[PDB]
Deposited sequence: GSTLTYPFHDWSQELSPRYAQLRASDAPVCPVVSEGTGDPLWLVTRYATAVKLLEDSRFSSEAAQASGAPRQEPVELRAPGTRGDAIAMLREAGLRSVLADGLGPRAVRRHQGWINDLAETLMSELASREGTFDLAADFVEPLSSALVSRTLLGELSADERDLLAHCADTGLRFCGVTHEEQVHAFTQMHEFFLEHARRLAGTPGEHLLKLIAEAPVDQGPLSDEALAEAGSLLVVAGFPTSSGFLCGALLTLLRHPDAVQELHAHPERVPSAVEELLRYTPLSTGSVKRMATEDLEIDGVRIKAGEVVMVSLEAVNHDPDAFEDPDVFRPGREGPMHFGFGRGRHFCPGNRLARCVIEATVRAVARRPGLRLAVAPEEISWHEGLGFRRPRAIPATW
């Protein structure tokens, strides 16, 4: 099987269930983009074992010469390209926790919820239809990235970074050179502007990084900027788009949340399980000869986990393809698993929760077209509809 499976919409590729039901806990595939052989995990039980065993390394799956699912290396040529380890290396775990953890959620949750309400309120004051992607998701996720991560961006700088991230993270639809050049653009942008961005007002993470004792060079600050773009922008915008679609297709569940606001946290977790995001997989490279559920993985081979496939594994979740807030199953994989559990998870949950409450407070919000008529960006690394026509 060639990988990925080109399931660009919210419909998960049937290949995932096909490999899940097979006997093997890891199945061989071939990267469409590079022809590299890869291993693919689709079952919850195996993904836990893989992602909690640190002998399968995330860092090694990015070293020069690594087999990969992506058409290009996800870095600007000549750069280190694993900023999160570089920042942990430089001794900034405490800074990252201040900038991303519960203390940050406290600093930002107020305006995040004000903004979500304001955006939804302006849309409700309209006659007729509007576009929840352009009119709600884009301003909310852009504000999250600017105020909590990078600093104040001009609209043109937001557009450049968002576009570079989309193009850089593609599986297809652009040439390999344009993909590499997206990373180069972003890096060259942060070479010129990261230090300036770190000085703008606020308490965004890039400022905390620049203001912490280690000082961090221009190139280190620039690798921090690119990491935050690719980890925070297409993920947040993709996911908030998908979660709105999920909510608009379950008015019964929205009405329950309207009646019972205390149930919103469980709905946030179920959206993180149910709503698909990446069109590829997280990856790890065997740092030595290892065995996973009886399958030998040679040193240097790369194992992928489809989080979407795991999140829809019926061995872990009864009725996995039903949206069920309050379900009492195991932990979802929406943020991954183990040491590399998304450190953005606190701020992401904050913005997702703000979005769910803004919707639940205004029942009657609905798609203005049929789910089948929604148009999807084809070939992105993280699913995203082109527009979300909606109305009251």
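Exercise. What's missing from the model if you number the deposited sequence from 1?
Worked result: Gaps vs deposited seq, in order: 1 to 3, 218 to 220.
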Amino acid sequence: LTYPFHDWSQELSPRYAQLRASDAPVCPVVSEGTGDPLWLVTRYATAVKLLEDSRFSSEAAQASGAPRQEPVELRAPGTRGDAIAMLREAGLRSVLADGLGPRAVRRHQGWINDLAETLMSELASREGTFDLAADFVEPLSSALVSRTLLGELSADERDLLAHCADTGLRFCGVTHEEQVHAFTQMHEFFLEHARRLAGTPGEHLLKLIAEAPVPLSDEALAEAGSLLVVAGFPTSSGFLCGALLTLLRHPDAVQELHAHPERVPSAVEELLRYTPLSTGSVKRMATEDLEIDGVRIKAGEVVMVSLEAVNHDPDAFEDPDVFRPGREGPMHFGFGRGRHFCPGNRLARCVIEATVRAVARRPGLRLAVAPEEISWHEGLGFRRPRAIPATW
From here on, numbers count along this sequence of modelled residues.
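Exercise. Mean CA B-factor: is it higher for 22 to 30 or for 39 to 47?
Worked result: Result of the comparison: 22 to 30.
Exercise. Which has higher Cα B-factors on average according to the PDB entry: 362 to 370 or 349 to 357?
Worked result: The stretch with the larger mean CA B-factor is 362 to 370.
Exercise. From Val310, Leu240, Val268, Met86, can you pick the one with the highest C-alpha B factor in the entry?
Worked result: The record points to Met86.
For this session: Can you pull the Cα B-factors for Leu277, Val254, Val229, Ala220 from the entry and say which is highest?
Result: The listed residue with the largest C-alpha B-factor is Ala220.
For this session: Using the B-factors in the PDB entry, rank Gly78's C-alpha atom against the chain and give the third, lowest, middle or highest.
Result: Highest third of the chain for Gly78's C-alpha B-factor.
Exercise. Lowest, middle or highest third: where is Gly110 by C-alpha B factor in its chain?
Worked result: Tercile = middle for this residue's CA B-factor.
Problem set entry | Record-listed C-alpha B factor of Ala104: chain third | Middle third of the chain for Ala104's C-alpha B-factor.
Exercise. Based on the entry's values, in what third of the chain does the Cα temperature factor of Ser141 lie: lowest, middle or highest?
Worked result: For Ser141, the deposited C-alpha B-factor lands in the middle third.
Exercise. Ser54: which third of its chain by C-alpha temperature factor?
Worked result: For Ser54, whose C-alpha B-factor we compare with every modelled residue in the chain, the answer is the lowest third.
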